[PDB]
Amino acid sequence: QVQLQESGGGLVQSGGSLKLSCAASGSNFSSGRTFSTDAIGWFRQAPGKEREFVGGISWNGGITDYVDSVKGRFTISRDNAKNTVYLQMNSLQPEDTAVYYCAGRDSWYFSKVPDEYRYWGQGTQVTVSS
């Protein structure tokens, strides 16, 4: 219904930084839900793993949570007027090398369970070499 579009991956230097961007279209006309009504989660899938949580943001941005590994290093924000979610990743490390997806849940609140989200982006590669 709602589609998410990722962008911003690539190669970065150990200690460098990237800003992941997620742009949203359509709607769930059935529920009257749009990007701005829905919480957004950021998940990453490291090589050969499943897809763990990084951080999440409530519908109007009033609440966010982060996995401890990225706390103080990553920041999720959103501009509902531009239909976009941002993940700002600073002091990137080799351990953050993974593919990152944004996902939108049909709820005002976010979750850390991948199976609880309704629409995803295709995902973008992030590789940090030292």
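Start at 1 with the first residue shown and count on from there.
For the pair 93-101 and 44-52, the mean B factor over Cα atoms is greater in 44-52. Split the chain's modelled residues into thirds by C-alpha temperature factor. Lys82 is in the highest one.
The entry lists a Cα temperature factor for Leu18 that places it in the middle third of the chain's modelled residues.
Split the chain's modelled residues into thirds by C-alpha temperature factor. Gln88 is in the middle one. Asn60 sits in the lowest third of its chain by CA B factor, as recorded in the PDB entry. Among all modelled residues in this chain, the alpha-carbon of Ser27 has a temperature factor (C-alpha) in the highest third.
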